Number of protein chains: 2
Amino acid sequence: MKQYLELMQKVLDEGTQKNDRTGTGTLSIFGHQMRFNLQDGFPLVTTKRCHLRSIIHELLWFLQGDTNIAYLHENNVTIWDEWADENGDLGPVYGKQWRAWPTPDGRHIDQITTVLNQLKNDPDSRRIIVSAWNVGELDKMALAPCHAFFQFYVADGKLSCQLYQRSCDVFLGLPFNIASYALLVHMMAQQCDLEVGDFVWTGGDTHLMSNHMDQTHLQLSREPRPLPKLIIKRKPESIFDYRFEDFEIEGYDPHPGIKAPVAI
Amino acid sequence: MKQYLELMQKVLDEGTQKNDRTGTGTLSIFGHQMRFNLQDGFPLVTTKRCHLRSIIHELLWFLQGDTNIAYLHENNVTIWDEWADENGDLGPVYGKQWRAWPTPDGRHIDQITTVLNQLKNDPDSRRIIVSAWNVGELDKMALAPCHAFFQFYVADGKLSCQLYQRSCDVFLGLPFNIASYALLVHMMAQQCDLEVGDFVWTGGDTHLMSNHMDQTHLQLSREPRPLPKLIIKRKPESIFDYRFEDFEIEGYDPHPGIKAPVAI
Ligand SMILES: O=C1NC(=O)N([C@H]2C[C@H](O)[C@@H](COP(=O)(O)O)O2)C[C@H]1[N+](=O)[O-]
Ligand SMILES: O=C1NC(=O)N([C@H]2C[C@H](O)[C@@H](COP(=O)(O)O)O2)C[C@H]1[N+](=O)[O-]
């Protein structure tokens, strides 16, 4: 996508050399924002093939409040394996905070239901927020949430969403994060009887791994194809009742996949 | 300031009419980002006079973890009066969350010290964050934090900071929020022996009150003057040992003040 390739070029042109915790260098910029009109099409990167199957399953898993990879395994989704312990536990990561944020007084807050209530009963609210950044539980998480904080917004029958992503691997992480939040906006809009508006992506440390220079050059040579169209085949009675087969992507014609290897 | 006046014009040109909880209309946009190179000067709005005295005292009060207005009163700062109860209590707002975020296991997390540790011992960290968005304590706050979440970043001996502000009154609130965070970046840089980099402001619902049309037109007619220079007169031994008189602003020559009235 146009916005994505401009970010990619901007990191190459403007990134400063920064070490990360792996020891691999990165090229890094701090602070960037992009916007996707969801009425223009589903924002799935076309300049390299992205397997949507994993994105969907992960999102459904988040919404269940599940932090054990067992569900992902039933479906042969392995994207969380490197972080899981022998039991398949990740600690209180994303889904746990979305659905069951623990308070000092013994409650567990369902942030997803809260947001649905607000969208339905107080759509002009400037407080419609989900946070995964639970300071008291960070130590226990396999890793700190990258996509940390998001806000919904309703104007003119349109649902928009802004994500604050503290840390972003532009090559491996970003394509997947944008699709995942766009899908969530579509499910939220469906459940609230609203139209989709904008997805606004905001980045903190937004970086390319230094061993991804060739892959980045390769991708930047490719021309974006038209965006696909997301189809939702049914309206469940709840945001928690979606199933994998409810979603269809139409018109997706990507350039071939690019493998990007990682250091250990 | 240039960036500020462009935001102001952009809300007028692009804002949609949105009601708020007061009942006053707003003109609102969702998602905006601006950047201030702090080496170019202190970002205090010149196209209307801003009284820095209040900004400073409020910031020192935040850093104390104090949520009772008593300290502000000793100094005849009244900006929090409309929200305080008869005892002068605000509930567990900003300062309480910065200095003493309560965990379910009975701890209180000092996020300011945490950030200082990281800046000194692990400056490449992509997790150097302070959040005021404590989901379990929102109900008890006089109001939900507007400036909710911020991230620090170190590259090339320069300290940058990004603020996510969920809700922003462009006329009354914003000038004051930018100065307050720029001052914090200067104090943090001083304590960590770093140079100042960028302050990146990111907005959610960014709005002008509909009864501020005349004041906005007036201000937009004015030409920005050069930015002032911040002077810190001493280096305290701790981020908690700053005093009002440690700060001086040099070269500040603003156009006259503009009063903006509010509905009740
Ligand atoms: O969804 C995600 N998107 C991402 O881009 N990441 C990336 C950003 C970083 O390159 C890395 C996390 O490392 P730290 O930022 O050091 O925690 O993983 C994180 C990630 N995740 O852990 O789920
Ligand atoms: O620092 C601040 N900056 C701001 O711009 N505000 C503004 C944004 C809104 O116009 C209003 C808060 O109302 P809600 O967004 O409805 O909570 O107050 C909030 C504020 N504060 O409460 O400290």
Side-chain angles (χ1 to χ4, degrees), chain A residues 103-104 127 129 131 133-136 138 149, chain B residues 52-103 106-119 128-152 161-169 173-174 176-188 190-191 199 236-244 246-247:
Chain A
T103 65
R127 304 166 196 217
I129 286 166
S131 183
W133 197 268
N134 187 344
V135 179
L138 299 165
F149 190 99
Chain B
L52 194 63
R53 203 185 65 98
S54 287
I55 299 168
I56 304 183
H57 282 299
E58 190 188 45
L59 183 59
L60 271 17
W61 174 70
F62 287 161
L63 289 169
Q64 285 159 42
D66 217 335
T67 62
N68 180 287
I69 66 184
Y71 169 83
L72 297 179
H73 282 173
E74 267 154 38
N75 287 285
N76 207 25
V77 175
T78 54
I79 62 180
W80 277 103
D81 284 27
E82 46 159 329
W83 292 105
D85 73 10
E86 324 65 31
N87 312 324
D89 290 321
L90 290 167
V93 300
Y94 302 106
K96 210 285 202 97
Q97 304 308 324
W98 290 14
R99 299 299 323 290
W101 173 298
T103 65
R107 289 176 306 148
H108 285 82
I109 307 309
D110 186 350
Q111 290 188 88
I112 302 300
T113 302
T114 301
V115 148
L116 279 169
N117 297 348
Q118 297 169 301
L119 287 178
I128 314 174
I129 286 166
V130 174
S131 183
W133 197 268
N134 187 344
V135 179
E137 300 224 290
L138 299 165
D139 276 354
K140 288 195 287 292
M141 299 184 188
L143 78 164
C146 298
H147 41 110
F149 190 99
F150 52 110
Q151 181 171 7
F152 295 94
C161 179
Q162 176 167 204
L163 172 66
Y164 186 87
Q165 176 159 356
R166 67 157 182 95
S167 171
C168 176
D169 182 323
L174 190 53
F176 195 109
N177 299 138
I178 295 167
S180 179
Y181 283 85
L183 206 50
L184 185 69
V185 179
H186 282 269
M187 306 155 61
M188 211 65 73
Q190 189 183 227
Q191 291 297 305
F199 174 57
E237 58 167 358
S238 165
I239 191 101
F240 312 115
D241 297 305
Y242 284 88
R243 301 201 226 77
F244 176 76
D246 291 328
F247 301 101

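Each chain gets a letter, A, B and so on, in the order the sequences are listed, and its residues count up from 1. Atom set for the values below is all heavy atoms of this structure, side chains included, hydrogens, waters and symmetry mates excluded.
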Can you check whether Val77(B) reaches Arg53(B) side chain to side chain, under 4.5 Å on heavy atoms? yes

With heavy-atom distances below 4.5 Å as the criterion, would you say the side chains of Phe152(B) and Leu119(B) are in contact? yes

Within the distance-only criterion (no hydrogens, no angle test), does the side chain of [X] pair as donor or acceptor with the backbone N or O of [Y] below 3.5 angstrom?
X: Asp246(B); Y: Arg243(B); result: yes
X: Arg166(B); Y: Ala144(B); result: yes
X: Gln111(B); Y: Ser131(B); result: yes

Residue list, ring pair (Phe, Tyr, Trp, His ring centres under 6.0 Å) with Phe247(B), at least two apart or on another chain: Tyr242(B)

Listed partners of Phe199(B) passing ring pair (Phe, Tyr, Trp, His ring centres under 6.0 Å), at least two apart: none

Taking side-chain hydrogen bond (donor to acceptor under 3.5 Å, both in side chains) as the definition, give me every residue that meets it alongside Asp169(B), ordered by chain and number, with sequence neighbours left out. none

Could you pull out all residues at least two apart from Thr103(A) that satisfy side-chain hydrogen bond (donor to acceptor under 3.5 Å, both in side chains)? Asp105(A)

Within the 6.0 Å centroid threshold, strictly below: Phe150(B) and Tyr164(B): no

Check residues 55-64 of chain B and write down every donor-acceptor pair under 3.5 Å in which the side-chain atom is one partner and the other belongs to a residue at least two apart or another chain.
residue	atom	partner	partner atom	Å
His57(B)	ND1	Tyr71(B)	OH	3.0
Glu58(B)	OE2	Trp80(B)	NE1	2.6
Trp61(B)	NE1	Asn68(B)	O	2.9
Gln64(B)	NE2	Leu60(B)	O	3.3

What pairs with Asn76(B) under side chain to side chain contact (heavy atoms under 4.5 Å, CB included), at least two apart in sequence or on another chain? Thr78(B)

To the nearest 0.5 Å, what is the distance between CD1 on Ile129(B) and OG1 on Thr114(B)? 12.0 Å

Any chance the side chains of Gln97(B) and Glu137(B) put a donor and an acceptor closer than 3.5 Å? yes

